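**Student:** Have a look at this one.
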Amino acid sequence: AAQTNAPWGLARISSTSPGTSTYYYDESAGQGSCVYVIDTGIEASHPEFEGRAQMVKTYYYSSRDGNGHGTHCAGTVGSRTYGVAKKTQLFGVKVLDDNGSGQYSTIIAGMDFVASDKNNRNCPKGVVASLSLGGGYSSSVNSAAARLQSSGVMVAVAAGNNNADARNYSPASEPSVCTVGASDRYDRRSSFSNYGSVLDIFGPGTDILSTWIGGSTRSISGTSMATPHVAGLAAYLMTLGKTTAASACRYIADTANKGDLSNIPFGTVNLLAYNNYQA
């Protein structure tokens, strides 16, 4: 399949070269997979989700995305226009309030929710969790992400937007999950993107067009936005049978575009997420 005039991030994950605008992907498009968006919630009624998005858990008075952050990341995972896996099932877990903030215990409880809730969902092709959040280091948050990964969920997390080593951030510094850095349309590391040895992969993170609350769209930057590219890619790849949740991060890294990113610090992987789709 070919989506013309796609957001640059979609076009990049299906391209060996930057500067193109058509997203190429197998038409299976992640069907039969599920991606949990652990964020501010999802505006499921957005036409872009086509009834494939639904809120499954909130820790606040409402499950509505009063922020737009989780709607934006869910859109990058699997919206029809801005999504990687255009047929995946999206499950919203609102661990962040509408200010984009949330206590670590709530984030931990939301991660433990997904590890159990996936047994309440129909995801024959596999389960992904997209964690577009983070703060200071926390062994408890890391262990929560490790448990979610161990339960059989491909956990993709943002490296963080501190232009620092991600070792000092959670769940970015959890070794067993997929820590995602951000790159821009010119294959530069995003100026804000964290780095370091814990990073597993880079994804499109600068000026990412996706869904927004109120049925709108907008373009925002962040490793928070590169993460759903890798999460959607993981669901896409698991639907294709090319990898499983336990090995998707390693697989994505094995099949990534190598040495194509600039301003990658010495010791950080120079790997850009790539769906390796050939028509």
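We number each residue from 1, going along the chain as drawn.
Method on record in the header is electron crystallography, 1.8 Å.
Every residue gets a Cβ built from N, Cα and C, even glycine.
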**Student:** Write down the one residue from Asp165, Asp200, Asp207 that Swiss-Prot lists together with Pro175, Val177 as binding Ca(2+) 1.
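**Tutor:** Candidate listed by Swiss-Prot for the same site: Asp200.
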**Student:** Need the cross-check against Swiss-Prot: the disulphide partner of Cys123, picked from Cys34, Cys178.
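**Tutor:** So the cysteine that Swiss-Prot bonds to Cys123 would be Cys34.
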**Student:** For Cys178, what is the disulfide-bonded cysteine listed in Swiss-Prot, choosing from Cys73, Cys249?
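**Tutor:** Swiss-Prot lists the disulfide between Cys178 and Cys249.
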**Student:** List the Cα distance (Å, whole number) between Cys178 (disulfide bond) and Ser224 (active site, charge relay system).
**Tutor:** 13
**Student:** Given the recorded positions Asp39, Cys123, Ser224, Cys249, state which is nearest to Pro175 (Ca(2+) 1 binding site) when distance is taken between Cα atoms.
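**Tutor:** Of the recorded positions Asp39, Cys123, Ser224, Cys249, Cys249 has its Cα closest to that of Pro175 (Ca(2+) 1 binding site).
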**Student:** Rounded to a whole number, how many Å is the Cα of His69 (active site, charge relay system) away from the Cα of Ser224 (active site, charge relay system)?
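**Tutor:** On Cα coordinates alone, these residues lie 9 Å apart.
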**Student:** Cβ within 8 angstroms of the Cβ centroid of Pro175, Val177, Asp200: which residues besides those meet this for the Ca(2+) 1 site?
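**Tutor:** So the extra residues in range turn out to be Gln149, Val155, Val157, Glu174, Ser176, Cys178, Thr179, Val198, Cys249.
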